[PDB]
Amino acid sequence: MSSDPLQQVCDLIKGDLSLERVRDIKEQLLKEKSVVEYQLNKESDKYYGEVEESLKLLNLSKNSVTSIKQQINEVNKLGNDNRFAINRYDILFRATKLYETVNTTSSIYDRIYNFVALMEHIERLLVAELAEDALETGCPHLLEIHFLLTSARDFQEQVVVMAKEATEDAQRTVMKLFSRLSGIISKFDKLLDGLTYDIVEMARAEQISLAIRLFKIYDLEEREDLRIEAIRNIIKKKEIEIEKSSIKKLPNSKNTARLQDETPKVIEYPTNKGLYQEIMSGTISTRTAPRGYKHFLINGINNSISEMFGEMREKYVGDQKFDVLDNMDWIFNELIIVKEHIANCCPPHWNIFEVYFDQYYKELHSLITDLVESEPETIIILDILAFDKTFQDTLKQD
Amino acid sequence: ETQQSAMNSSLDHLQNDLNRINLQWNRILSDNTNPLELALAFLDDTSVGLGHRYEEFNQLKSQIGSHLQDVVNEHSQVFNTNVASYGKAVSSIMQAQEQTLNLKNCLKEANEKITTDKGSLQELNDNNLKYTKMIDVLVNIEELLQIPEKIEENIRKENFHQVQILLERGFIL
Amino acid sequence: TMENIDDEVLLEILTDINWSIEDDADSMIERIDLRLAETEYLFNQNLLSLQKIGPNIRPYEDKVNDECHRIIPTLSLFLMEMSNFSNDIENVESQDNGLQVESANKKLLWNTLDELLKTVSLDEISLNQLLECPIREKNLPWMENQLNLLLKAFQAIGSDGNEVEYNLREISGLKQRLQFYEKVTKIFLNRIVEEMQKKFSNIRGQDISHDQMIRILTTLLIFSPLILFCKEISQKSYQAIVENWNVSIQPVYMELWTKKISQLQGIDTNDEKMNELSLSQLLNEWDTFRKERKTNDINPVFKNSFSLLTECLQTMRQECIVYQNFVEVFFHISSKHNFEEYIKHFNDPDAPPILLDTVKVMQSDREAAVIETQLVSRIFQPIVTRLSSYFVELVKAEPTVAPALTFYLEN
Amino acid sequence: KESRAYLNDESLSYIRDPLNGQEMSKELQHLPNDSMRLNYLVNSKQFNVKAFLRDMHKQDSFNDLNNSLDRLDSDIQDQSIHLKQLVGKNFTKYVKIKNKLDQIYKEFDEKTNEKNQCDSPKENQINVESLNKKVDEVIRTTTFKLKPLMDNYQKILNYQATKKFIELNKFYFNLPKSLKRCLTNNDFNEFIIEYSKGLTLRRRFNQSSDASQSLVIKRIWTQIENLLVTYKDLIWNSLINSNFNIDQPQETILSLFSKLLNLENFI
């Protein structure tokens, strides 16, 4: 062979007729094949067991997962048992007669659109409470989240105004829109005056053991509730992109449509083909959608209230030459205290721990400009920002 | 055990059967549906007038509520049985965890894990380039031992040495 | 007495010969073992990334099954979302108080009284009256009823007796399926004596080359015994009436083919005449009109190619009519399900061959294979003219789920 | 990811609802659905009639028609009164206890397999698709292991065959050992006598049971045919030419016939 004649040279490195050294050279080949079969032995074994678990789980999930979706044939075909049978009574008069008055929400919309006008005109000051804190509103979990649910009752005029898009009448969002002027933006912005003044009140050096507790509790309740709410509306365009773009974009239309689909395939038509994936039924069901910026879009102003207070504490001179990170890193210490104090306050949102590293963008970007050129003390240029690099590292998690 | 059960049906439930069945005429007359946006527009709010639809609706609340004497314990039963689609389809989503994700990707991927790094793709060659080499060790151990022995000690016993020279003809063949 | 050998340890030792003897041939077996080692590491890295990408080339179809099944992830999260949010609406709907003893008390009034359909206890009226040995063979009371009464003997979970706060079969489970499996132990020994008896009649059934057609119509008289859903072999006994009873009664069919197929021996002596016809062919050719026809080739007359449709068909009695012993394995034990209901109607298999999607194992193909090949052994003119014969034999069985592929691999 | 994704909202809502079932009649001061059949009261989000089954006293081998029936009429009467207005006369929650009980089940005919659902949620219709196509993709894996698993079985089969001839040294040899011994000397006679004595050890491996070792049967078969060959050689010699120690040749036919028709005597 092309190896064997070369191996005839390797054993022709023993002489020409060299039967003793041919024997020993064969023992060398036995050493080579010996270790090559030790590693090829165990390596082949590991590959074989990999094939064993591979076909063992292709087996175990072919059969068992075929009986997991076919266990969904068992239990989900068991779902089809009592389709027109269950609840042993007049369910036909429960879903078409007793649920006919569920299509009769008129007087609740008149006294609650009217009371949403007047009482949120009152909650444009009462649930928009400020001046100064008195526990941040006082009590912005009462106050600013009262403006959140008052804006969730006016999410009928904010988020379910985008669900009631020509449902049955014309003044449901027009005569109630002047009832939403003091109703929606006097509750949502009341929750945003209470939310920007909540996180701004949480940007107030304590801030406080009950002020940031209530205020941040509103800014995690309506923050994460707003996140699952607009995530239920973006999953109404993603559950409609899952659903109506499995209907309009089946593809069997096959034009598709002009021009309420592509765009907006798939949204696709509110009340209820574009709404009921965030509306009834729908056990949520509005989606909420309070408050949008409790700290759902207003937790950036808390870590940017220590990273805008921190970046604001630069005083770019640098007030001796590099005292930007003195007050800025002091606002980073207040960013750790306000951060851990606010995670002690609010688990879901409102500056859990990002105020520290946001203030490290404030001290990082701040110290990368006070001595950018030789405009600071050039003999004390790297010692200052490096001393706050390693020291302000050692003053935190580093 | 016969387990003779005495619920409240066929005397209670006849009020659900007959008085909530007024919706054939009462619910079709007031027409309280399509949509719940009457006084959101602040126009009519009746409309008109959801009293007979509240005679059938309240006949579901009271006449099928007095029928719900022991049937508000027993309408009240597929809260753990109409969730059969909730026990399975998420299990089908778990199966979609297992099959749309874990069977295909564990199949072709957990298949393709033990790959080259065998390695064998080197080493089985290195086994072969040992093995055949060791073959041409031992065969050349044979022929070089053969003609020196056969002509030497099998001087006498002819036609036993014919075997040996045949094997040298093969080993050098 | 039947150690870890004789499971084709004959065919293992049939590498070259057990003809004196050899430990030298044991070394030859070590050489064939290393040959398989490089062919199987060769299969390993052949399939380890290369045909593991061939398995990714399979995951076109298989990840495509995860793609329609990824619509089943959208159908499963669509149905699981409709039932997730709608079942949350059930969690607030029925449980308005919740308080299930005040809002959903169909089962809180009835923590055991809703599970009160356990009155079929216990034994043993129709277990032996509706089946003497049987009363069956007309979809009758031992097929339709006493079978399903033995399914009630298995619907009775005989070790899940009371749970004494429920207490359905506390002392009723002491002799429910002990008298139903005592009387059906007498019906079980009745079908066991009907298995050795009716299978000894199948041993008398040797209809037409070979064919055990009396074992096929007699196998129609055994589908009810293996359907018989309790379940059917309660203690591996009905299959032992289908296999351990057919253990010696494979060797009536196996001894039948063994003495049968090895008797077609007839040959020529010396054919220099036909080499003077393929020497006379090239004499008057071409340069002339041929010469040959195609001429002989006297081996083309089916001296051994007859078995290629006969001992591949009798090998397909060791395989494919043993895949009609896939109508007699248990049968095809499936399916009747209460307890002889569906196979009370549907007890007619083909069974051979017929497709390939399963996982199973069988026997009764050793000596027909070794007889066909070892018969074909000293064949020095073949397989030159029998190229597509023995290679058609190589490429015989792709698409069945039978071991005829391993026969085609033996071929 | 609970909006929507069908699982985290089902785990949070529907599985926070599960402990709400576990403390509905159980934590109603105190397991008021039963009479303490279980302290943890499994499960009370369903029946669990082997765990919580004490709605009245009996609960006996046949007296579940006595008091568990009187539990059905008892709490169906007390719940016929109290449940007439607990969720009874306010039956919007019972119209919803029929809505998400039957109309959600009417959507579970559309969340079935399949049947007349749409049917273009593709689940629906292969619920055993991992068997319908991935036992077919696993049948492409049967084309894979058609090489590889057969390589594993013939592999360990050949290694076990090395164990098998490793488990047979005097036997499964001794065809050429006693055969070459046979024509050699007498065969010593011990190279037939002692050789088929110590081989009659393992020829009684082939005789203390035989089923169905046609290997070992072939072994003592060729032992038999060779022994007959030295038999007919022996009496052929001592008969025809008759030139040796005559008592020795009659000892050869004597002992060789003794063992030969001793094993034929066992046959």
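Scanning segment A:122-154 for residues that are touching a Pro at 6+ places or on another chain (Cβ under 7 Å) and either surrounded by fewer than 24 Cβ atoms within 10 Å (Cβ to Cβ) or among the polar types (S, T, N, Q) (or both) returns A:149, A:151. For segment A:1-53, a residue qualifies if it is small (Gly, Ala, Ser) and within 7 Å of chain B (Cβ to nearest Cβ), and the qualifying residues are A:3, A:44.
Kindly indicate whether residue A:58 is within 7 Å of chain D (Cβ to nearest Cβ), crowded, with 24+ Cβ neighbours inside 10 Å, part of a helix (DSSP H, G or I) and of a type in the set (A, V, I, L, M, F, W, C). It is true that residue A:58 is within 7 Å of chain D (Cβ to nearest Cβ), crowded, with 24+ Cβ neighbours inside 10 Å, part of a helix (DSSP H, G or I) and of a type in the set (A, V, I, L, M, F, W, C).
Residue count for segment C:103-134, restricted to those that are surrounded by 24 or more Cβ atoms within 10 Å (Cβ to Cβ) and either within 30 Å of residue B:65 (Cα to Cα) or over 40 Å from the mean Cα position of the chain (by Cα) (or both): 11. Among the residues of segment A:63-76, those identified as surrounded by 24 or more Cβ atoms within 10 Å (Cβ to Cβ) and within 7 Å of chain B (Cβ to nearest Cβ) are A:65, A:68, A:69, A:72, A:76. Residues that are small (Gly, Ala, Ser) and in a loop (DSSP other than H, G, I, E, B) were ranked within segment C:202-245; the one that is farthest from residue C:333 (Cα to Cα) is C:209. Here is a check on your reading of the model: is residue D:168 within 7 Å of another protein chain (Cβ to nearest Cβ) and either buried (at least 17 other Cβ atoms within 10 Å of the Cβ) or touching a strand residue (DSSP E or B) at 6+ places or on another chain (Cβ under 8 Å) (or both)? Considered against the rule, which asks whether it is within 7 Å of another protein chain (Cβ to nearest Cβ) and either buried (at least 17 other Cβ atoms within 10 Å of the Cβ) or touching a strand residue (DSSP E or B) at 6+ places or on another chain (Cβ under 8 Å) (or both), residue D:168 comes out as no. Within segment C:1-60, being outside any helix (DSSP H, G or I) and at the interface with chain B (Cβ under 9 Å from one of its Cβ atoms) holds for one residue alone: C:58. In this structure, does residue B:146 turn out to be farther than 23 Å from residue A:24 by Cβ, assigned to a helix (DSSP H, G or I) and of a type in the set (S, T, N, Q)? Criteria not met by residue B:146. Among the conditions (1) in contact with a helix residue (DSSP H, G or I) (Cβ under 8 Å, 6 or more places away or on another chain); (2) within 11 Å of chain D (Cβ to nearest Cβ); (3) over 30 Å from residue A:193 (Cα atoms); (4) not charged (D, E, K, R), the only one that residue A:252 does not satisfy is (1). Of all residue pairs spaced 6 or more apart or on separate chains, none has beta-carbon atoms under 6 Å together with a first member in segment C:238-263 that is over 17 Å from residue C:375 (Cβ atoms) and without any contact (Cβ under 8 Å) to a residue 60 or more places away in the chain and a second member that is surrounded by 15 or more Cβ atoms within 10 Å (Cβ to Cβ) and small (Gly, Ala, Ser). Determine which single condition residue C:356 fails, assuming it passes every other condition in (1) in a loop (DSSP other than H, G, I, E, B); (2) of a type outside the set (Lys, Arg); (3) under 30 Å from residue C:140 (Cβ atoms). With respect to (1) in a loop (DSSP other than H, G, I, E, B); (2) of a type outside the set (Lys, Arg); (3) under 30 Å from residue C:140 (Cβ atoms), residue C:356 is out only on (3).
Considered as a group, the residues in segment D:17-56 that are in a helix (DSSP H, G or I) and within 8 Å of chain C (Cβ to nearest Cβ) include one that is nearest to residue B:91 (Cα to Cα), and that residue is D:17. Sort out which residues of segment D:119-148 are of a type in the set (A, V, I, L, M), under 24 Å from the mean Cα position of the chain (by Cα) and closer than 25 Å to residue B:98 by Cα, and write them in order of number. Answer for segment D:119-148, where residues must be of a type in the set (A, V, I, L, M), under 24 Å from the mean Cα position of the chain (by Cα) and closer than 25 Å to residue B:98 by Cα: D:128, D:131, D:135, D:138, D:139.
Reported count of residues in segment C:164-192, each being buried (at least 18 other Cβ atoms within 10 Å of the Cβ) and within 11 Å of chain D (Cβ to nearest Cβ), is 7. Taken over segment A:287-323, the criterion of being small (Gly, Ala, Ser) and under 30 Å from residue A:231 (Cβ atoms) is satisfied by A:289, A:292, A:300, A:304, A:306. The single condition from (1) surrounded by fewer than 21 Cβ atoms within 10 Å (Cβ to Cβ); (2) closer than 24 Å to residue A:127 by Cα; (3) of a type in the set (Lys, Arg) that residue A:315 fails is (2).
Scanning segment A:292-316 for residues that are assigned to a loop (DSSP other than H, G, I, E, B), under 21 Å from the mean Cα position of the chain (by Cα) and among the polar types (S, T, N, Q) yields A:299, A:304.
Within segment B:23-39, identify whether any single residue is more than 28 Å from residue C:114 (Cα to Cα) and either within 14 Å of chain C (Cβ to nearest Cβ) or touching a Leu at 6+ places or on another chain (Cβ under 7 Å) (or both), and answer yes or no. Yes - at least one qualifying residue is present in segment B:23-39. Residues that are crowded, with 24+ Cβ neighbours inside 10 Å and at the interface with chain D (Cβ under 7 Å from one of its Cβ atoms) were ranked within segment A:87-103; the one that is farthest from residue B:114 (Cα to Cα) is A:98. Flag: residue D:97 matches the condition of being within 7 Å of chain C (Cβ to nearest Cβ) and β-branched (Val, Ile, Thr). Summed over segment A:99-128, the residues that are touching a residue at least 12 places away in the same chain (Cβ under 8 Å) and either acidic (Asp, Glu) or in a helix (DSSP H, G or I) (or both) give a count of 11. Considering segment D:67-94, the residues that are of a type in the set (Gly, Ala, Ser) and within 7 Å of another protein chain (Cβ to nearest Cβ) include one that is nearest to the chain's Cα centre (by Cα), namely D:68. Within segment D:102-133, the residues that satisfy the criterion of being in contact with a helix residue (DSSP H, G or I) (Cβ under 7 Å, 6 or more places away or on another chain), in a helix (DSSP H, G or I), within 8 Å of chain A (Cβ to nearest Cβ) and buried (at least 24 other Cβ atoms within 10 Å of the Cβ) are D:103, D:129, D:130.
Checking segment A:239-247 against the condition returns no match, with no residue being in contact (Cβ under 8 Å) with a residue 40 or more places away in the chain and touching a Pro at 6+ places or on another chain (Cβ under 9 Å).
Which one is farthest from residue D:69 (Cα to Cα) among residues in segment B:1-27 that are hydrophobic (A, V, I, L, M, F, W, C) and without any contact (Cβ under 8 Å) to a residue 60 or more places away in the chain? Result: B:25.
Residue D:8 meets all of the listed conditions (1) buried (at least 17 other Cβ atoms within 10 Å of the Cβ); (2) within 42 Å of the chain's Cα centre (by Cα); (3) among the polar types (S, T, N, Q); (4) within 14 Å of chain A (Cβ to nearest Cβ) but one, namely (1). Those helices (runs of 4 or more DSSP H) of segment D:195-267 in which at least 1 residues are more than 15 Å from residue D:175 (Cβ to Cβ) and more than 14 Å from every other protein chain (Cβ to nearest Cβ), considering only elements entirely within it, cover D:195-202, D:214-240, D:247-266.
Heads up, the Cβs are rebuilt from the backbone with ideal geometry, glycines too, and the neighbour counts pull from every protein chain shown. We did not get these values from a lab; they are worked out from the coordinates using the rules stated.
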